[PDB]
Amino acid sequence: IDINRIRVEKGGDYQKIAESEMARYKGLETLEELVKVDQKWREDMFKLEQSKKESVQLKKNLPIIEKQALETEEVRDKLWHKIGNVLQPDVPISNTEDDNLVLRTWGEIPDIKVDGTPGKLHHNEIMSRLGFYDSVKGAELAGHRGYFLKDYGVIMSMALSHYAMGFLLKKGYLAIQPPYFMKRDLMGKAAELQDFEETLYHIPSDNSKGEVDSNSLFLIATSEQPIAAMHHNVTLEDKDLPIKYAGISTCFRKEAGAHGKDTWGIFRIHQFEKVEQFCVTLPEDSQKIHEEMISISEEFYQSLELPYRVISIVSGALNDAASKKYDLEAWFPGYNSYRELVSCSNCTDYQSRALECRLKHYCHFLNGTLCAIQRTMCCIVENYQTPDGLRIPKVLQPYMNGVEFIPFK
Ligand SMILES: Nc1ncnc2c1ncn2[C@@H]1O[C@H](COS(=O)(=O)NC(=O)[C@@H](N)CO)[C@@H](O)[C@H]1O
Ligand SMILES: [Mg+2]
């Protein structure tokens with residue numbers, strides 16, 4: 003009796019998905035269909051268990093049950109990807125970003141009142157007056173948002189990368205530079221569906237008529253994607269992990285949904301560098317490591333003396349993989365606001381189950406920005422500006438051969 007009535011256990015999982023999907027403001031539409039296909043998959047699986055282990085020529089009904097079950101097994105698995113990860117209980121339940129929960133704030137806001145004068149400028153106005161970047165000729169060669177890095181733009185970019193990578197290595201992180209493009213089947217298991225339409229550049233195979241074949245390549249939007257897919261069909265023991273990765277790479281993003289938004293300077297671009305945190309933990313250690321990864325990012329920007337605030341993103345705005353995401357918004361005197369510099373998410377076993385990173398039980402994947410070089414430079418520039426030039430943060434001065442100040446060209 004209770005054996006068949008164990009459907010309470012299966013119905014209890016559908017309840018947790020329903021509560022999370024409602025908090026994501028997804029309307030529980032894809033969920034109601036997944037419940038029906040799951041039963042029909044259980045109906046087809048029970049028929050496929052017709053072992054026939056003992083003059084019946086039923087050997088023709090066996091291929092009919094196998095292929096028909098796979099036709100519904102792929103339809104059922106295609107829906108389990110559209111369902112978002114179950115949110116954690118302390119996630120703000122709201123559909124607008126104006127309800128993002130501010131957790132803590134560090135640093136006093138500077139006295140710069142951006143008005144277009146040399147004493148208070150926007151990041152693009154300072155960097156263009158310092159010969160940092162070239163967007164006129166960069167857009168001529170690569171289209172909108174294209175740019176060159178020049179002079180101390182390259183020097184500060186290299187200095188900030190060394191200080192960022194060294195920051196994680198001193199905390200026991202493992203340095204890693206991944207491939208900058210991935211194949212279709214691997215990228216599909218690491219990136220959301222919206223990433224393909226909005227973000228990922230597509231390099232199709234020759235003579236494929238531009239279609240997405242199995243040999244299609246996609247440039248990485250972050251080192252999170254190749255480092256996550258790096259654990260494909262990998263089993264790890266409790267003695268092997270936790271693993272902390274210090275990823276560094278260039279990032280390619282189409283920004284197709286950010287049309288017209290932030291097009292001056294190098295705040296939002298198609299190509300940028302980023303030093304990344306990626307951690308593989310036990311399910312028990314996931315929440316403890318998530319708070320560690322965000323405090324490491326807090327510590328990094330405290331040493332840059334950039335005021336910031338750490339907020340928790342609302343439920344209706346999260347990606348499908350995040351069970352909870354923390355954002356570090358640093359102070360930009362130009363925009364007179366806090367602007368996003370670091371995202372730190374606890375994805376639990378969303379991608380690891382897709383990638384079959386077994387421990397059925399799976400590992401928990403977490404990712405977090407440490408420093409997006411190009412955008413952090415925009416924040417450094419707006420805070421360390423003077424009417425006579427740019428000041429260099431003390432932590433970066435050793436990496437720049439000792440320079441303390443840069444005058445306007
Ligand atoms: N188009 C862009 N141009 C410049 N910097 C960007 C761009 N897109 C994102 N960034 C920077 O990169 C950070 C991380 O981007 S994210 O997609 O939000 N998060 C990730 O990629 C995670 N893997 C954590 O790093 C952002 O907070 C921002 O500082
Ligand atoms: Mg983000």
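Under the entry's author numbering, the letters of the sequence shown match residues 3 to 56, 83 to 387, 397 to 446, in that order.
Idealized CB from N, CA, C, for every residue including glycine.
8 Å contact criterion, which residue i and residue j should meet: CB distance rounded
i: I111; j: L33; result: 7 Å
i: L214; j: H260; result: 7 Å
i: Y366; j: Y329; result: So it is not a contact: roughly 12 Å between Cβ atoms.
i: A345; j: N374; result: So it is not a contact: roughly 15 Å between Cβ atoms.
i: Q253; j: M210; result: 6 Å
i: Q379; j: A256; result: 5 Å
i: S325; j: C372; result: 6 Å
i: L407; j: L50; result: That belief does not hold up - the Cβ atoms of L407 and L50 are roughly 49 Å apart, past 8 Å.
i: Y180; j: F160; result: 7 Å
i: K302; j: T250; result: 6 Å
i: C415; j: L269; result: Wrong, their Cβ atoms sit about 36 Å apart, outside the cutoff.
i: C307; j: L403; result: 5 Å
i: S323; j: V432; result: Rounded, the Cβ-Cβ distance is 18 Å, inconsistent with contact.
i: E357; j: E368; result: 5 Å
DSSP bridge partner residues for residue i (one or two, in chain order)
i: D355; result: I339 and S371
i: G426; result: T423 and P444
i: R386; result: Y399
i: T406; result: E304
i: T309; result: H401
i: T376; result: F402
Local conformation of residue i per DSSP, three classes
i: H401; result: strand
i: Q411; result: helix
i: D162; result: strand
i: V303; result: strand
i: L131; result: strand
i: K211; result: strand
i: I3; result: coil
i: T145; result: strand
i: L177; result: strand
i: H287; result: coil
i: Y363; result: coil
i: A203; result: strand
i: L332; result: coil
i: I154; result: helix
i: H230; result: strand
i: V418; result: helix
i: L245; result: strand
i: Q315; result: helix
i: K431; result: coil
i: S83; result: coil
i: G344; result: helix
i: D126; result: helix
i: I322; result: helix
i: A350; result: coil
Residue range of the beta strand (DSSP E) that includes residue i
i: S277; result: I271 to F280
i: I121; result: It is not in any beta strand (DSSP E) - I121 carries neither H nor E in the DSSP assignment.
i: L221; result: Where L221 is concerned, there is no enclosing beta strand (DSSP E), although the alpha helix (DSSP H) it sits in stretches over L221 to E226.
Residue span of the alpha helix (DSSP H) that contains residue i, given as start and end
i: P254; result: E252 to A257
i: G238; result: Note, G238: premise wrong, no alpha helix (DSSP H); not H, not E.
i: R296; result: Counting along the chain, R296 falls outside any alpha helix (DSSP H), and DSSP gives it neither H nor E.
i: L196; result: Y180 to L197
i: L33; result: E31 to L50
i: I92; result: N89 to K110
i: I19; result: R9 to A25
Exercise. Evaluate contact between the stretch 188 to 203 and the stretch 273 to 288, counting only Cβ atoms and requiring at least three cross-stretch pairs below 8 Å.
Key: yes
Practice problem: Report yes or no: do three or more beta-carbon pairs, one from the stretch 122 to 138 and one from the stretch 334 to 353, lie closer than 8 Å? | Solution: yes
Quiz prompt | Stretch-stretch touch, CB-based, cutoff 8 Å, three pairs: the stretch 8 to 26 with the stretch 109 to 124 | solution = yes
Quiz item: So, do the stretch 433 to 440 and the stretch 178 to 197 have three or more beta carbon pairs nearer to each other than 8 Å?
Solution: yes
Practice problem: Would you check if there are 3 or more beta carbon pairs closer than 8 Å linking the stretch 310 to 321 to the stretch 289 to 301? | Solution: no
Practice problem: Determine, using beta-carbon pairs with one atom in the stretch 351 to 361 and one in the stretch 230 to 241, whether at least three such pairs fall under 8 Å. | Solution: no
Exercise. Kindly confirm or deny that the stretch 138 to 153 and the stretch 417 to 424 touch, where touching means at least three C-beta pairs closer than 8 Å.
Key: yes
Exercise. Decide if the stretch 215 to 225 is in contact with the stretch 293 to 300; the criterion is three or more beta carbon pairs, one per stretch, under 8 Å apart.
Key: no
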